[PDB]
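One structure is given below, encoded as structure tokens.
Throughout, read-outs are computed from the coordinates displayed, never taken from laboratory work. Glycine also receives a Cβ, built like all others from the backbone with ideal geometry; neighbour counts cover every protein chain displayed.
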Amino acid sequence: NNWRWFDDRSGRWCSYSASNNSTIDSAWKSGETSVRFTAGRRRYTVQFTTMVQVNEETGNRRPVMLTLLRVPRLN
Amino acid sequence: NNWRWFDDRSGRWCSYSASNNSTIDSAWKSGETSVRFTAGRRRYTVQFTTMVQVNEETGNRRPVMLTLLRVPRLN
Amino acid sequence: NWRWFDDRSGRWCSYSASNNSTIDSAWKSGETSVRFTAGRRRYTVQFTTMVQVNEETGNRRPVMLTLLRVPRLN
Amino acid sequence: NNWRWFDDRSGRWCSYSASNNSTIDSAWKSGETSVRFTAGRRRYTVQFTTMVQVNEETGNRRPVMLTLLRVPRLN
Ligand SMILES: Nc1ncnc2c1ncn2[C@@H]1O[C@H](COP(=O)(O)OP(=O)(O)OP(=O)(O)O)[C@@H](O)[C@H]1F
Ligand SMILES: Nc1ncnc2c1ncn2[C@@H]1O[C@H](COP(=O)(O)OP(=O)(O)OP(=O)(O)O)[C@@H](O)[C@H]1F
Ligand SMILES: [Cl-]
Ligand SMILES: [Cl-]
Ligand SMILES: [Cl-]
Ligand code: NA
């Protein structure tokens with residue numbers, strides 16, 4: 001649950017499924033500039049150079065974020 | 001120019017003014033959970049626990065992000 | 001992505017692929033520390049102080065986590 | 001005070017003075033590859049491309065680190 005996408009309808013950041021988070025995070029860690037994934041009948045590209053997810057069918061843009069863990073870690 | 005808010009009308013992340021970026025970043029660094037700033041008389045609150053900016057005149061919620069620079073630096 | 005500083009050489013040093021994966025798996029899991037071995041020596045990484053501890057001698061060497069830029073560059 | 005330097009004598013990361021932290025952090029945020037500061041009777045260079053600080057009088061090297069705050073912030 002390290003990646004999130006923003007929902008403008010509700011005004012909240014939302015989690016991805018475990019499998020879609022893994023697909024996104026694997027591409028992030030591999031140095032890719034973008035990644036494609038599917039959810040049901042929906043098709044998306046996450047653009048890491050802009051931190052935006054684009055619906056491939058409609059062009060709708062949803063912002064994305066990467067959660068960050070504190071360094072150093074707290075006790 | 002390290003903080004950004006997402007403009008849903010244009011579909012792009014946007015920088016704050018130098019003054020507003022400083023107000024936000026100083027609150028971030030001091031451990032505050034939120035911060036108020038203005039653009040002229042227009043009032044906003046950034047909520048750091050949700051990474052959302054609340055327009056205190058329209059109520060619209062826009063996501064925010066903190067840009068992160070690479071560690072170590074290149075070159 | 002994890003590095004330890006070698007004061008003998010004056011440089012940050014990478015871990016082996018397996019030790020990097022062990023450390024990073026504990027980091028991502030939210031643990032406060034992680035055990036590994038290097039060269040028949042036992043070590044603990046303490047994430048709350050960002051140091052590696054030699055379990056035999058007590059010697060502390062600093063560690064660091066490299067960070068990727070957000071957003072990514074084109 | 002977000003920057004730290006490692007003290008091998010005590011085995012701990014240590015904070016900078018407010019002013020020296022500010023000098024370092026301003027160069028960091030400005031995109032510079034290194035920065036010099038003076039503390040006491042010594043000049044030091046922080047090399048951001050290696051995350052190492054060099055004492056320019058003696059040549060002694062100490063590792064540095066940049067603390068990171070959690071995103072999003074906890075309540
Ligand atoms: N309630 C909702 N309203 C509108 N749109 C939604 C949505 N809930 C998810 N979406 C869209 O869907 C993407 C993947 O969201 P995600 O949770 O990974 O989707 P699924 O559970 O179907 O995953 P999977 O079964 O592995 O394909 C997400 O960015 C968002 F764009
Ligand atoms: N106790 C100590 N032992 C060994 N070395 C030390 C040290 N204390 C500071 N150093 C050296 O000096 C640098 C700046 O350390 P810093 O605290 O910003 O400098 P000042 O002393 O001017 O601070 P202040 O007393 O608060 O005004 C620091 O990286 C390190 F290299
Ligand atoms: Cl949006
Ligand atoms: Cl969509
Ligand atoms: Cl020194
Ligand atoms: Na040295």
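Relative contact order of chain B, please, whole-number percent, based on alpha carbon pairs below 8 angstrom and at least 6 residues apart.
Averaging sequence separation for qualifying contacts and normalising by length gives 27 percent for chain B.
I'd like the Karplus ³J(HN,Hα) series for region B:43-53: coefficients 6.51, -1.76, 1.60, θ = phi - 60°, whole numbers in Hz, and an x wherever there's a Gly or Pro.
So the J values, rounded to whole Hz, are 9, 9, 10, 9, 9, 6, 6, 10, 6, 9, 9.
How far apart, in nm, are two points set 7 Å out from the Cα along the Cα-to-Cβ line at residue D:17 and at residue C:28?
About 4.3 nm, to one decimal.
Evaluate the charge dipole of chain A about its Cα centre and quote only its size in Debye, nearest 20, assuming +1 on the Cβ of each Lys and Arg and -1 on the Cβ of each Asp and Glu.
180 debye
Calculate log10 I(q)/I(0) of chain A for q = 0.18, 0.21, 0.24 Å⁻¹, where I(q) comes from the Debye formula with a single equal point scatterer on each Cα and nothing for solvent.
Rounded to two decimals, the profile gives -0.72, -0.95, -1.20.
Can you compute the helix-only [θ] at 222 nm over the protein assembly as shown? Use -39500 (n - 2.57) per DSSP H run of at least 4 residues, normalise by all residues, nearest 500 deg cm²/dmol.
Taken over the protein assembly as shown, the calculation gives -5000 deg cm²/dmol.
Going by C-beta contacts inside 10 Å, put B:17, A:22 in order with the fewest on the left.
Final ranking by Cβ density, sparse to dense: B:17, A:22.
Quick query: amide H of residue D:2 versus all other amide H atoms, modeled in the peptide plane; which residues come in under 5 Å with a sequence gap of 5 or more or a different chain?
none
Within a Cβ distance under 13 Å of residue A:38, other residues only, what is the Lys/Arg minus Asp/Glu net charge?
+2
Taking neighbour counts of Cβ atoms within 10 Å as a proxy for exposure, in what order, fewest first, do D:74, C:65, B:69 appear?
In increasing order of surrounding Cβ atoms, one gets D:74, B:69, C:65.
Please state the shape class of the protein assembly as shown: rounded when a/c is under 1.5, otherwise prolate if a/b exceeds b/c and oblate if not, all from the C-alpha gyration tensor.
Since a/c reaches 1.5 but b/c is at least a/b, the shape of the protein assembly as shown is classed as oblate.
Enumerate the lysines that residue C:28 could reach by cross-link, defined here as Cα to Cα under 26 Å, with residues fewer than 8 away along the same chain left out.
Leaving aside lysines fewer than 8 places away in the same chain, those within reach of residue C:28 are A:29, B:29.
Checking a compactness column here: for region D:20-60, what do you get for Rg(Cα) / (2.2 N^0.38 Å), N being the number of residues?
Ratio of Rg to 2.2 N^0.38 Å for region D:20-60: 1.09.
Within 10 Å of each Cβ in peptide D:45-52, how many partner chain Cβ atoms are there on average? Round it to a whole number, please.
4
I'd like the orientation of helix D:18-29 relative to chain D: the angle between its Cα long axis and the longest Cα principal axis, in ° from 0 to 90, rounded to 10.
Computed tilt is about 70 degrees.
Using only atoms on other chains, find how many Cβ atoms lie within 10 Å of each Cβ of peptide C:19-31 and report the average.
1
If you take the charge dipole of chain B about its Cα centre, with +1 on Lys and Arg Cβ and -1 on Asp and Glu Cβ, which of B:55, B:69, B:33 is farthest toward its positive end?
Selected residue: B:69.
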